[PDB]
Each structure stands twice: as structure tokens, then as C-alpha cells.
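Q: So that you have it, the file is work_36.cif, and it contains mmCIF, C-alpha atoms and all ligand atoms:
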```
data_coords
loop_
_atom_site.label_atom_id
_atom_site.label_comp_id
_atom_site.auth_asym_id
_atom_site.auth_seq_id
_atom_site.Cartn_x
_atom_site.Cartn_y
_atom_site.Cartn_z
CA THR X 1 18.22 18.33 20.32
CA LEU X 2 16.63 15.13 21.74
CA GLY X 3 13.32 14.76 23.62
CA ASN X 4 11.58 11.80 25.28
CA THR X 5 9.19 10.71 22.48
CA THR X 6 9.16 7.50 20.53
CA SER X 7 6.34 6.91 18.09
CA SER X 8 5.28 3.78 16.24
CA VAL X 9 3.65 3.32 12.83
CA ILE X 10 1.73 0.06 12.41
CA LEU X 11 2.33 -1.50 9.00
CA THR X 12 0.22 -3.74 6.81
CA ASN X 13 1.91 -6.63 5.04
CA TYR X 14 0.57 -7.13 1.54
CA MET X 15 1.71 -10.59 0.24
CA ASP X 16 5.23 -10.23 1.72
CA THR X 17 6.09 -7.64 -1.01
CA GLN X 18 4.51 -4.33 0.06
CA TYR X 19 4.71 -3.07 3.62
CA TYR X 20 2.86 0.17 4.16
CA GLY X 21 1.47 2.36 6.91
CA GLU X 22 -0.91 5.26 7.21
CA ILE X 23 -0.17 8.99 7.10
CA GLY X 24 -2.66 11.88 7.32
CA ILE X 25 -2.10 14.94 5.08
CA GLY X 26 -3.88 18.28 5.47
CA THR X 27 -6.71 19.69 7.51
CA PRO X 28 -8.86 17.75 7.91
CA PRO X 29 -6.49 14.80 7.45
CA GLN X 30 -6.58 12.94 4.15
CA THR X 31 -5.25 9.44 4.82
CA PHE X 32 -2.77 7.63 2.55
CA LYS X 33 -1.21 4.20 2.53
CA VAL X 34 2.51 4.74 2.14
CA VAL X 35 5.68 2.70 1.85
CA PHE X 36 8.39 3.94 4.17
CA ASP X 37 11.46 3.69 1.99
CA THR X 38 15.05 4.08 3.22
CA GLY X 39 16.10 3.84 -0.45
CA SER X 40 14.66 7.31 -1.28
CA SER X 41 14.15 10.70 0.42
CA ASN X 42 10.98 12.33 -0.98
CA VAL X 43 7.40 12.12 0.17
CA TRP X 44 4.77 11.78 -2.53
CA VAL X 45 1.12 10.83 -2.87
CA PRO X 46 -1.21 10.86 -5.87
CA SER X 47 -2.85 14.20 -6.63
CA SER X 48 -6.47 15.13 -7.34
CA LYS X 49 -4.82 16.94 -10.29
CA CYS X 50 -3.78 13.56 -11.74
CA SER X 51 -5.70 13.03 -15.00
CA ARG X 52 -8.06 10.09 -14.61
CA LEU X 53 -6.63 8.78 -17.89
CA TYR X 54 -3.97 7.51 -15.46
CA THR X 55 -5.94 4.52 -14.24
CA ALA X 56 -3.59 4.24 -11.22
CA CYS X 57 -5.07 7.58 -10.11
CA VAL X 58 -8.58 6.17 -10.49
CA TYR X 59 -7.58 3.28 -8.14
CA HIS X 60 -5.74 5.22 -5.37
CA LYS X 61 -6.37 7.87 -2.78
CA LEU X 62 -5.82 11.35 -4.27
CA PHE X 63 -4.65 14.35 -2.28
CA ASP X 64 -6.98 17.25 -2.83
CA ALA X 65 -5.30 20.54 -1.88
CA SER X 66 -8.70 22.25 -2.32
CA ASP X 67 -10.05 20.34 0.73
CA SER X 68 -7.10 21.28 3.01
CA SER X 69 -7.10 24.56 4.94
CA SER X 70 -3.42 24.04 5.93
CA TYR X 71 -2.15 23.58 2.36
CA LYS X 72 0.57 25.92 1.12
CA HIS X 73 1.13 26.09 -2.62
CA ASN X 74 4.54 25.63 -4.12
CA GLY X 75 4.14 24.09 -7.58
CA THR X 76 7.77 23.29 -8.50
CA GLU X 77 7.75 20.27 -10.85
CA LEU X 78 9.45 17.08 -9.74
CA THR X 79 10.05 13.66 -11.17
CA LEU X 80 10.96 10.71 -8.97
CA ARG X 81 12.59 7.78 -10.72
CA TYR X 82 12.56 4.50 -8.80
CA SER X 83 13.93 1.16 -9.98
CA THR X 84 10.46 -0.17 -10.89
CA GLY X 85 8.94 3.05 -12.24
CA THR X 86 8.63 6.78 -12.30
CA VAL X 87 6.21 9.35 -10.95
CA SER X 88 5.97 13.00 -11.78
CA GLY X 89 4.04 15.97 -10.45
CA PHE X 90 4.68 19.04 -8.31
CA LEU X 91 5.61 20.19 -4.81
CA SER X 92 3.08 21.12 -2.14
CA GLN X 93 3.35 21.79 1.56
CA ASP X 94 0.89 20.65 4.18
CA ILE X 95 0.66 19.19 7.67
CA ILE X 96 1.50 15.48 7.73
CA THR X 97 0.79 13.24 10.71
CA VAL X 98 2.86 10.09 11.05
CA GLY X 99 2.43 7.95 14.18
CA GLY X 100 0.84 10.91 15.96
CA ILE X 101 3.81 13.18 15.22
CA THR X 102 2.60 16.15 13.21
CA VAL X 103 5.05 17.83 10.84
CA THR X 104 4.87 20.60 8.25
CA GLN X 105 6.19 18.80 5.18
CA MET X 106 6.91 19.57 1.56
CA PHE X 107 5.80 16.62 -0.63
CA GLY X 108 5.03 15.66 -4.21
CA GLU X 109 1.52 15.78 -5.54
CA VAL X 110 1.80 13.14 -8.28
CA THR X 111 -0.10 13.90 -11.47
CA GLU X 112 1.56 11.27 -13.69
CA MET X 113 1.42 7.79 -12.29
CA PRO X 114 2.04 4.94 -14.81
CA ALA X 115 -0.47 2.08 -14.72
CA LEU X 116 2.46 -0.31 -14.81
CA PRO X 117 3.56 -0.59 -12.08
CA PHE X 118 1.24 1.53 -9.95
CA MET X 119 -1.99 -0.36 -10.65
CA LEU X 120 -0.26 -3.20 -8.79
CA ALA X 121 0.52 -1.01 -5.75
CA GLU X 122 -1.72 -1.57 -2.74
CA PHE X 123 -0.12 1.57 -1.29
CA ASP X 124 -0.89 5.09 -2.53
CA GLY X 125 2.44 6.82 -2.09
CA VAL X 126 5.90 6.81 -0.58
CA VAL X 127 7.56 8.37 2.43
CA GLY X 128 11.30 8.49 1.77
CA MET X 129 13.37 7.73 4.88
CA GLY X 130 16.70 8.46 3.19
CA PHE X 131 18.91 11.48 3.62
CA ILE X 132 18.44 15.01 2.29
CA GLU X 133 21.50 14.36 0.04
CA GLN X 134 19.32 12.04 -2.11
CA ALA X 135 16.19 14.19 -2.03
CA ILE X 136 15.00 15.26 -5.46
CA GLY X 137 14.62 19.06 -5.51
CA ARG X 138 16.53 19.36 -2.20
CA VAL X 139 13.24 18.91 -0.32
CA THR X 140 13.86 18.45 3.41
CA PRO X 141 12.90 14.82 4.14
CA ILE X 142 10.20 14.04 6.69
CA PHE X 143 12.47 12.45 9.28
CA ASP X 144 14.78 15.49 9.22
CA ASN X 145 11.76 17.70 9.87
CA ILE X 146 10.72 15.40 12.75
CA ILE X 147 14.25 15.59 14.19
CA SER X 148 14.09 19.43 14.07
CA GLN X 149 11.11 19.34 16.47
CA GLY X 150 13.35 17.92 19.23
CA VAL X 151 10.72 15.44 20.46
CA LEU X 152 12.38 12.15 19.46
CA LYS X 153 14.32 10.29 22.17
CA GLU X 154 16.96 9.18 19.64
CA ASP X 155 17.92 10.26 16.12
CA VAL X 156 17.12 6.74 14.90
CA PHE X 157 14.23 4.79 13.41
CA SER X 158 13.70 1.03 13.24
CA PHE X 159 11.86 -1.41 10.99
CA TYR X 160 10.11 -4.66 11.81
CA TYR X 161 8.57 -6.50 8.86
CA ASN X 162 6.44 -9.53 9.78
CA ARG X 163 5.93 -12.72 7.82
CA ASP X 164 2.48 -12.59 6.13
CA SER X 165 -0.60 -14.57 7.34
CA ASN X 166 -4.61 -14.09 10.19
CA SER X 167 -5.67 -10.40 10.11
CA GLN X 168 -4.92 -10.33 13.89
CA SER X 169 -1.21 -10.55 12.92
CA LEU X 170 0.84 -7.32 12.90
CA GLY X 171 2.11 -6.69 9.34
CA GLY X 172 5.07 -4.68 10.60
CA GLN X 173 6.17 -1.70 12.67
CA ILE X 174 8.33 1.38 12.34
CA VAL X 175 9.54 2.93 15.59
CA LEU X 176 10.44 6.60 15.14
CA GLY X 177 13.01 7.66 17.71
CA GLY X 178 14.03 4.18 18.88
CA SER X 179 13.44 0.46 18.54
CA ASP X 180 10.99 -2.06 19.95
CA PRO X 181 12.58 -4.95 21.91
CA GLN X 182 9.28 -6.88 21.45
CA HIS X 183 10.36 -7.47 17.81
CA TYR X 184 14.01 -8.47 18.17
CA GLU X 185 16.27 -10.57 20.35
CA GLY X 186 19.97 -10.80 21.02
CA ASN X 187 22.09 -7.72 20.46
CA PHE X 188 22.22 -5.23 17.66
CA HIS X 189 25.32 -5.50 15.50
CA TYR X 190 26.25 -2.32 13.74
CA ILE X 191 27.84 -1.51 10.40
CA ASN X 192 28.87 2.09 9.70
CA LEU X 193 27.60 3.72 6.53
CA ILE X 194 30.04 4.04 3.60
CA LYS X 195 29.12 7.71 3.78
CA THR X 196 26.39 9.89 5.24
CA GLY X 197 23.64 10.61 2.70
CA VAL X 198 22.69 7.03 1.80
CA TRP X 199 21.66 3.99 3.87
CA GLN X 200 24.37 1.88 2.29
CA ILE X 201 27.02 -0.25 3.95
CA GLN X 202 30.02 -2.30 2.92
CA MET X 203 29.38 -6.01 2.43
CA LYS X 204 32.38 -8.36 2.77
CA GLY X 205 30.99 -11.44 0.95
CA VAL X 206 27.95 -13.38 -0.24
CA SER X 207 27.98 -17.17 0.19
CA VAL X 208 25.73 -19.81 -1.38
CA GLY X 209 26.06 -22.99 0.69
CA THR X 210 32.02 -17.62 -0.74
CA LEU X 211 30.78 -17.52 -4.35
CA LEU X 212 30.33 -13.71 -4.69
CA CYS X 213 31.44 -10.29 -3.41
CA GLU X 214 34.84 -11.84 -2.58
CA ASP X 215 36.70 -8.49 -2.53
CA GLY X 216 33.82 -6.54 -0.99
CA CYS X 217 30.77 -4.82 -2.47
CA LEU X 218 27.89 -2.50 -1.49
CA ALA X 219 24.58 -3.20 0.27
CA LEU X 220 21.83 -0.61 0.20
CA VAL X 221 19.58 -1.45 3.19
CA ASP X 222 16.32 -0.72 1.50
CA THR X 223 13.03 -0.86 3.37
CA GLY X 224 11.12 0.05 0.17
CA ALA X 225 12.51 -2.91 -1.83
CA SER X 226 10.44 -6.13 -1.75
CA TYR X 227 13.45 -8.32 -2.38
CA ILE X 228 17.11 -8.86 -1.93
CA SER X 229 18.68 -7.64 -5.18
CA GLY X 230 22.14 -7.84 -6.71
CA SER X 231 23.59 -6.82 -10.07
CA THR X 232 22.63 -8.90 -13.13
CA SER X 233 26.05 -10.59 -13.20
CA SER X 234 25.95 -11.26 -9.42
CA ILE X 235 22.42 -12.65 -9.61
CA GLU X 236 23.19 -14.70 -12.75
CA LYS X 237 25.95 -16.37 -10.71
CA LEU X 238 23.84 -16.61 -7.53
CA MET X 239 20.99 -18.21 -9.50
CA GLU X 240 23.18 -20.65 -11.47
CA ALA X 241 24.39 -21.94 -8.09
CA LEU X 242 20.76 -22.35 -6.92
CA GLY X 243 19.72 -24.10 -10.17
CA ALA X 244 17.17 -21.32 -10.68
CA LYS X 245 15.69 -20.41 -14.07
CA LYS X 246 15.44 -16.82 -15.25
CA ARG X 247 12.09 -15.42 -16.31
CA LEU X 248 11.24 -11.87 -17.37
CA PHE X 249 10.90 -10.26 -13.92
CA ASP X 250 12.04 -13.01 -11.53
CA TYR X 251 13.77 -16.32 -10.96
CA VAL X 252 12.06 -19.62 -10.25
CA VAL X 253 12.89 -23.10 -9.12
CA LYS X 254 10.76 -26.20 -9.37
CA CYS X 255 8.68 -26.01 -6.18
CA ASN X 256 9.69 -29.51 -5.00
CA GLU X 257 13.34 -28.34 -4.90
CA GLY X 258 12.57 -25.14 -2.97
CA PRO X 259 12.83 -26.56 0.59
CA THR X 260 16.32 -28.07 -0.01
CA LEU X 261 17.97 -25.06 -1.75
CA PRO X 262 21.18 -23.96 0.04
CA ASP X 263 21.56 -21.14 2.56
CA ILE X 264 22.60 -17.71 1.35
CA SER X 265 24.75 -15.66 3.71
CA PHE X 266 25.57 -11.96 3.64
CA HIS X 267 28.78 -10.93 5.41
CA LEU X 268 28.03 -7.52 6.97
CA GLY X 269 30.41 -6.02 9.55
CA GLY X 270 31.52 -8.68 12.01
CA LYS X 271 28.62 -11.07 11.37
CA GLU X 272 27.17 -13.51 8.84
CA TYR X 273 23.50 -12.89 8.07
CA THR X 274 22.13 -16.20 6.81
CA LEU X 275 18.88 -16.88 4.97
CA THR X 276 17.59 -20.43 4.56
CA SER X 277 15.41 -21.37 1.58
CA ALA X 278 12.30 -20.81 3.76
CA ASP X 279 13.37 -17.14 4.00
CA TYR X 280 13.83 -16.59 0.22
CA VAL X 281 11.48 -19.07 -1.53
CA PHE X 282 7.78 -18.31 -2.01
CA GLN X 283 6.72 -21.93 -1.27
CA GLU X 284 3.25 -21.81 -2.84
CA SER X 285 3.42 -25.54 -3.63
CA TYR X 286 5.68 -28.61 -3.24
CA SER X 287 4.99 -29.88 -6.80
CA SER X 288 7.76 -30.76 -9.28
CA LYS X 289 5.42 -29.36 -12.00
CA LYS X 290 4.87 -25.93 -10.42
CA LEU X 291 7.35 -23.05 -10.40
CA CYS X 292 8.11 -21.20 -7.17
CA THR X 293 9.46 -17.65 -7.35
CA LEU X 294 12.47 -16.51 -5.35
CA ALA X 295 12.55 -13.37 -3.20
CA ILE X 296 15.97 -12.47 -4.72
CA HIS X 297 15.98 -10.43 -7.96
CA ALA X 298 18.38 -8.82 -10.43
CA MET X 299 18.45 -5.01 -10.16
CA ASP X 300 21.15 -2.85 -11.77
CA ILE X 301 21.03 0.29 -9.62
CA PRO X 302 22.95 3.03 -11.48
CA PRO X 303 25.87 5.05 -10.02
CA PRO X 304 26.82 6.79 -7.84
CA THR X 305 24.74 4.55 -5.48
CA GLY X 306 25.30 1.40 -7.55
CA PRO X 307 26.40 -1.03 -8.70
CA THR X 308 25.02 -2.33 -5.38
CA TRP X 309 23.11 -5.09 -3.67
CA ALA X 310 19.85 -4.03 -2.02
CA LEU X 311 18.70 -5.71 1.19
CA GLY X 312 14.92 -5.36 1.07
CA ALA X 313 11.97 -6.96 2.84
CA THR X 314 13.37 -10.46 2.28
CA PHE X 315 16.32 -9.53 4.52
CA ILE X 316 14.47 -7.25 6.96
CA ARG X 317 11.85 -9.94 7.73
CA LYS X 318 14.64 -11.98 9.31
CA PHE X 319 16.68 -9.11 10.73
CA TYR X 320 15.09 -6.24 12.67
CA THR X 321 16.83 -3.12 11.36
CA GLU X 322 17.69 0.13 13.16
CA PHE X 323 18.74 3.11 11.05
CA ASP X 324 20.94 5.33 13.20
CA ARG X 325 21.24 8.90 11.90
CA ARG X 326 23.23 10.20 14.91
CA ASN X 327 26.08 7.71 14.40
CA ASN X 328 25.61 7.10 10.63
CA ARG X 329 25.21 3.36 11.06
CA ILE X 330 22.75 0.53 10.59
CA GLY X 331 22.08 -2.03 13.33
CA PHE X 332 20.72 -5.53 12.68
CA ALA X 333 19.22 -7.91 15.22
CA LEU X 334 17.34 -11.22 14.93
CA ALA X 335 13.63 -10.39 14.48
CA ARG X 336 10.95 -12.16 16.57
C1 LIG A 401 8.86 26.54 -3.70
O1 LIG A 401 9.79 26.24 -2.66
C2 LIG A 401 11.12 26.71 -2.96
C3 LIG A 401 12.07 26.15 -1.91
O2 LIG A 401 11.68 26.58 -0.60
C4 LIG A 401 11.12 28.23 -3.03
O3 LIG A 401 12.42 28.69 -3.45
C5 LIG A 401 12.96 29.74 -2.62
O4 LIG A 401 12.43 31.03 -2.97
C6 LIG A 401 12.91 32.11 -2.15
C7 LIG A 401 12.23 33.41 -2.58
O5 LIG A 401 10.81 33.26 -2.50
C8 LIG A 401 14.43 32.21 -2.28
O6 LIG A 401 14.95 33.25 -1.44
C9 LIG A 401 15.06 30.88 -1.88
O7 LIG A 401 16.48 30.95 -2.04
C10 LIG A 401 14.49 29.75 -2.73
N1 LIG A 401 15.06 28.48 -2.29
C11 LIG A 401 15.45 27.50 -3.12
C12 LIG A 401 16.01 26.27 -2.45
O8 LIG A 401 15.36 27.57 -4.33
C13 LIG A 401 10.08 28.73 -4.03
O9 LIG A 401 9.91 30.15 -3.90
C14 LIG A 401 8.72 28.06 -3.82
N2 LIG A 401 7.87 28.49 -4.93
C15 LIG A 401 6.61 28.94 -4.79
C16 LIG A 401 5.94 29.35 -6.07
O10 LIG A 401 6.01 29.00 -3.72
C1 LIG A 402 3.91 -3.33 -7.94
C2 LIG A 402 3.58 -1.98 -7.87
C3 LIG A 402 4.40 -1.08 -7.21
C4 LIG A 402 5.57 -1.55 -6.62
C5 LIG A 402 6.46 -0.62 -5.87
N1 LIG A 402 6.88 -1.07 -4.70
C6 LIG A 402 7.67 -0.38 -3.89
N2 LIG A 402 8.07 -0.93 -2.69
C7 LIG A 402 7.61 -2.25 -2.24
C8 LIG A 402 7.99 -2.42 -0.80
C9 LIG A 402 7.44 -1.77 0.24
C10 LIG A 402 8.11 -2.24 1.39
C11 LIG A 402 9.01 -3.15 1.00
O1 LIG A 402 8.95 -3.25 -0.33
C12 LIG A 402 8.06 0.93 -4.32
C13 LIG A 402 8.89 1.76 -3.54
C14 LIG A 402 9.23 3.00 -4.01
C15 LIG A 402 8.74 3.45 -5.24
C16 LIG A 402 7.94 2.68 -6.04
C17 LIG A 402 7.57 1.39 -5.59
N3 LIG A 402 6.77 0.59 -6.33
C18 LIG A 402 5.89 -2.91 -6.67
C19 LIG A 402 5.07 -3.81 -7.35
#
```
Please rewrite the model in this file as C-alpha cells.
Ligand SMILES: *[C@@H]1O[C@H](CO)[C@@H](O[C@@H]2O[C@H](CO)[C@@H](O)[C@H](O)[C@H]2NC(C)=O)[C@H](O)[C@H]1NC(C)=O
Ligand SMILES: c1ccc(-c2nc(NCc3ccco3)c3ccccc3n2)cc1
A:
Amino acid sequence: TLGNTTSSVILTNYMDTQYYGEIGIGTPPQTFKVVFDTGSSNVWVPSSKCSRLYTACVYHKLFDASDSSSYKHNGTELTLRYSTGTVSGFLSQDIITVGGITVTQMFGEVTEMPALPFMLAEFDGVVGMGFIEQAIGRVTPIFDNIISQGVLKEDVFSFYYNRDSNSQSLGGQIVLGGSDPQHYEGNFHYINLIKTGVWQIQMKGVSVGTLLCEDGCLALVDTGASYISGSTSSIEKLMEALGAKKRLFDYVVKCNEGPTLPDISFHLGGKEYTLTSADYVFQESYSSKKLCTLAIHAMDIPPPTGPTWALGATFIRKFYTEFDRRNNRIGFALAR
């Protein structure tokens, strides 16, 4: 059932790598900064029950069930394993407000929150925008619960991620139930999902200056990933072609060579989605003696989802993305 509501969540852009918005949990609302992540399907925030020996819990907002009159205990343990780290804790139910939509939502109260990486998170928690099929503990995801209310105009949500800057700039925007034509131009071009249950599409090629994915591969369209990622062997080849040098967590080029690195193009559906070096180089200098990191990383995502590329914020900054649950497709349009 479809209504006439669309709702928007204003996002903050932290250093082009973490895009997060606000949710309120409980009565009265406890506010949390959260990443909205199409790569996962669970909601979690740090818990007041998190031992303060987890320094990440000292440095983030903690949900306190004992201050919420709308809290409903559950207590089933859950562990959520992401590509960059793991959190563990237990299930709780409470009222969650997101863009002025209020939903009764089961979520994780995280009691184990590793300092690496979570001391480096500006956000507190995560709101998974993936399908119930990938939800740990079969917890109904938030967007599914919003859809059940029958208020949303369309069974879709859309992501705009801005370039960083100053504070008057909008970091980004999620539209629940539609899209915002203020943040894209031209027409959407749609690629059907490989299957329902994951925001993943076929990719027909990756070109540097068709070097890779020549017989097709997978692209997870991942709003919770900072970067474009490929498999180690893909990225090793991609980076050799860019003249980039591998470091522990990233690849770098000499900053003076950054501006003249070749275009990288991603063949999705009918269209080529092209990034110039300005879209994937963190140009912090123009010096031959400084190293500039690339917004393309190696990430071996395990099966059944991987091996797969992930199109994260690096991609979404250039291409406004609509996630269409009704038609099991993803639409891209040129962001403005
Ligand atoms: C935590 O939530 C789960 C899921 O809703 C509850 O499990 C259900 O329990 C009822 C009986 O109370 C069963 O009839 C359902 O079949 C269970 N569902 C699933 C998916 O397992 C569980 O009871 C809750 N636990 C607590 C302590 O509140
Ligand atoms: C330091 C500390 C924490 C992270 C990090 N970042 C995540 N997403 C970043 C993001 C948001 C929007 C686009 O990209 C993330 C998502 C899901 C689970 C864990 C995560 N941990 C990264 C660096």
C-alpha cells in the first residue's frame, strides 16, 4: 500500500568518507548519528550497557533503555560483521524517528565496539537499508517497517552525497519514498538487481583510460562504503594501470600526477559511468614529494555476495542513486 508521503533525512559529510544523518530512539528521543547503509540490513547504536573499557563507547552516544518509556526488551544476542569491523550486543525494540517518520523498530544495542575502527567513526551507529534477506537475526529492517505503514508515495529511497567543503553546504540527503530533482539532472538509467535481497547489480566492464570485468562481474551499490572497491586481484590490476603504490590500507600516487591520471569507467546497464581523477583522487597537494590517497580500495567481500565490486560514496557523489524496492532495480542519474 502506497500513501502520499516523502520524507528527507539531511546528511552530514565528514571528510568525504562518512555520510551520516540523525535518528531519534525512544521516549523521549535519544539522538544518534547514523550511516544509512544499503550494504547491510540491521539497525544498531551503541548501548549504555557497553563497558567503558571499550573506549569507542566512551566517545559515542549510548542508548539508555532505562531512560525510554517506549522501550521493549528482547535481549537476543547479535553480532554484525562489516568489512572494516565487527560489533556485538543484543536486540531491543523502541520507537525510532527518521525524517519525521516514526516507526517501531527492533535494533541492536551494541555492547562490544572495537576501538579500531570505531574510535575513528564520527557516526554512532548504522541504519541498514538492505533487504530482510541479509538481516542478521531475521530482524525486519527499518525501511520494510516504514513501507508497512503505507505512508510512502513510492517503495523507493534515494541518496545524494555532496562533495565536502562551508558549513552552509548540504552534506547529503536521503529521500524516503522518492527522489529529489534538485540533486540530479538528466534521466535515471536503471539496472535490475541480480536478485531481490541485495542491492547488487551486474557490471559489464571496468575501463581505465576495457582492462577489467571483461566477461561481467558484480557491483554492490553500497551507500555505507566510503570508496569504490574491487577484489584484490582487480584492484592490483586497476592500480598497476594507474601507477599507484600499495600501502597497508590504501593506494597512493605522487600528488603531482593525481590531476592527469586516466578516467575510470564502470559499464552498468546501458550506460558508461565515468569518473575522472578529480572524482577519485584526494588532491590534498600538487607536490611530487607528497602522496595522495585514492578513493578506490581493495576489499574482498566473501560469498555469497562476493567476490564483488562495491560502488560507495566515491561513485554516489557523482551519480545520484535511487534504490527501487517495488521494481527491484537501482537508478543512477548525474548528481548536481
Ligand atoms: C525476541 O524477539 C523474537 C522475534 O520476535 C521472539 O521470538 C518469537 O517468540 C515467540 C514466542 O514468544 C514465538 O512464537 C515466535 O515464533 C518467535 N519468533 C522467532 C522469529 O523466533 C522472542 O520471544 C523475543 N525474546 C524476548 C525475550 O522478548
Ligand atoms: C573509520 C571508522 C569507522 C568506519 C566505518 N564506516 C562505515 N561507513 C562509512 C560511510 C558512510 C557513508 C559512506 O561511507 C561503516 C559502515 C557500516 C559499518 C561499519 C562502518 N565503519 C570507517 C572508518
Q: Pick out the residues no farther than 7 Å from ligand LIG 402 (chain A), counting all atoms listed in the file, and list them as a VMD selection string.
A: chain X and resid 17 to 20 35 to 37 82 84 to 85 117 to 121 126 223 to 226 312 to 313
Q: If you count only C-alpha atoms and all ligand atoms, which residues end up within 9 Å of ligand LIG 401 (chain A), as a PyMOL selection string?
A: chain X and resi 72-76+91-93+106+137-139
Q: What would the file look like if the residues just selected were written as a PDB file, in the coordinates of the input with C-alpha atoms?
A:
```
ATOM      1  CA  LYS X  72       0.570  25.920   1.120  1.00  0.00           C
ATOM      2  CA  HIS X  73       1.130  26.090  -2.620  1.00  0.00           C
ATOM      3  CA  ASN X  74       4.540  25.630  -4.120  1.00  0.00           C
ATOM      4  CA  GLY X  75       4.140  24.090  -7.580  1.00  0.00           C
ATOM      5  CA  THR X  76       7.770  23.290  -8.500  1.00  0.00           C
ATOM      6  CA  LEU X  91       5.610  20.190  -4.810  1.00  0.00           C
ATOM      7  CA  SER X  92       3.080  21.120  -2.140  1.00  0.00           C
ATOM      8  CA  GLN X  93       3.350  21.790   1.560  1.00  0.00           C
ATOM      9  CA  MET X 106       6.910  19.570   1.560  1.00  0.00           C
ATOM     10  CA  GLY X 137      14.620  19.060  -5.510  1.00  0.00           C
ATOM     11  CA  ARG X 138      16.530  19.360  -2.200  1.00  0.00           C
ATOM     12  CA  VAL X 139      13.240  18.910  -0.320  1.00  0.00           C
TER      13      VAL X 139
END
```
Q: Using only C-alpha atoms, which of X:227, X:59, X:184, X:107 sits nearest residue 80 of chain X?
A: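 Of X:227, X:59, X:184, X:107, the one nearest residue 80 of chain X is X:107, counting only C-alpha atoms.
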Q: Do you know which residues lie at most 12 Å from (12.4, 16.1, 11.1), with coordinates as in the file and all atoms listed in the file counted, and could you write them as a PDB file with C-alpha atoms, in the frame of the given file?
A:
```
ATOM      1  CA  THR X   1      18.220  18.330  20.320  1.00  0.00           C
ATOM      2  CA  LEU X   2      16.630  15.130  21.740  1.00  0.00           C
ATOM      3  CA  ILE X  96       1.500  15.480   7.730  1.00  0.00           C
ATOM      4  CA  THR X  97       0.790  13.240  10.710  1.00  0.00           C
ATOM      5  CA  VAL X  98       2.860  10.090  11.050  1.00  0.00           C
ATOM      6  CA  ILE X 101       3.810  13.180  15.220  1.00  0.00           C
ATOM      7  CA  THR X 102       2.600  16.150  13.210  1.00  0.00           C
ATOM      8  CA  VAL X 103       5.050  17.830  10.840  1.00  0.00           C
ATOM      9  CA  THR X 104       4.870  20.600   8.250  1.00  0.00           C
ATOM     10  CA  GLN X 105       6.190  18.800   5.180  1.00  0.00           C
ATOM     11  CA  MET X 106       6.910  19.570   1.560  1.00  0.00           C
ATOM     12  CA  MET X 129      13.370   7.730   4.880  1.00  0.00           C
ATOM     13  CA  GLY X 130      16.700   8.460   3.190  1.00  0.00           C
ATOM     14  CA  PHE X 131      18.910  11.480   3.620  1.00  0.00           C
ATOM     15  CA  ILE X 132      18.440  15.010   2.290  1.00  0.00           C
ATOM     16  CA  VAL X 139      13.240  18.910  -0.320  1.00  0.00           C
ATOM     17  CA  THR X 140      13.860  18.450   3.410  1.00  0.00           C
ATOM     18  CA  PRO X 141      12.900  14.820   4.140  1.00  0.00           C
ATOM     19  CA  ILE X 142      10.200  14.040   6.690  1.00  0.00           C
ATOM     20  CA  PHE X 143      12.470  12.450   9.280  1.00  0.00           C
ATOM     21  CA  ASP X 144      14.780  15.490   9.220  1.00  0.00           C
ATOM     22  CA  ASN X 145      11.760  17.700   9.870  1.00  0.00           C
ATOM     23  CA  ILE X 146      10.720  15.400  12.750  1.00  0.00           C
ATOM     24  CA  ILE X 147      14.250  15.590  14.190  1.00  0.00           C
ATOM     25  CA  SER X 148      14.090  19.430  14.070  1.00  0.00           C
ATOM     26  CA  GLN X 149      11.110  19.340  16.470  1.00  0.00           C
ATOM     27  CA  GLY X 150      13.350  17.920  19.230  1.00  0.00           C
ATOM     28  CA  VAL X 151      10.720  15.440  20.460  1.00  0.00           C
ATOM     29  CA  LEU X 152      12.380  12.150  19.460  1.00  0.00           C
ATOM     30  CA  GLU X 154      16.960   9.180  19.640  1.00  0.00           C
ATOM     31  CA  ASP X 155      17.920  10.260  16.120  1.00  0.00           C
ATOM     32  CA  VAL X 156      17.120   6.740  14.900  1.00  0.00           C
ATOM     33  CA  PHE X 157      14.230   4.790  13.410  1.00  0.00           C
ATOM     34  CA  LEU X 176      10.440   6.600  15.140  1.00  0.00           C
ATOM     35  CA  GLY X 177      13.010   7.660  17.710  1.00  0.00           C
ATOM     36  CA  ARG X 325      21.240   8.900  11.900  1.00  0.00           C
TER      37      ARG X 325
END
```
Q: From the options X:48, X:7, X:328, X:12, which residue's atoms come nearest to residue 158 of chain X, counting all atoms listed in the file?
A: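 Using all atoms listed in the file, the shortest distance to residue 158 of chain X belongs to X:7.
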Q: Each residue of segment 69-180 of chain X with at least one atom at most 12 Å from segment 259-283 of chain X should appear once, together with its nearest atom pair and the corresponding distance in Å (one decimal); atoms considered: all atoms listed in the file; ordering: chain, then increasing residue number; output as CSV.
A:
```
residue,atom,partner,partner_atom,distance
X:162,CA,X:279,CA,11.8
X:163,CA,X:279,CA,9.5
X:164,CA,X:282,CA,11.3
```
Q: Counting all atoms listed in the file, select every polymer residue within 6 Å of (5.0, -5.4, 9.1) as defined in the file's coordinates, and provide the selection as a VMD selection string.
A: chain X and resid 11 to 13 19 160 to 162 170 to 173
Q: Taking into account only C-alpha atoms, which residue in the set X:222, X:253, X:326, X:190 is nearest to residue 240 of chain X?
A: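 Ranked by minimum distance to residue 240 of chain X, first place goes to X:253.
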Q: Could you check how far atom CA of residue 185 of chain X sits from atom CA of residue 315 of chain X, in Å to one decimal?
A: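 Pair atom CA of residue 185 of chain X / atom CA of residue 315 of chain X returns 15.9 Å.
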Q: Let me make sure I understand: among X:30, X:100, X:83, X:53, which one has the smallest atom-to-atom distance to residue 69 of chain X if we use all atoms listed in the file?
A: X:30
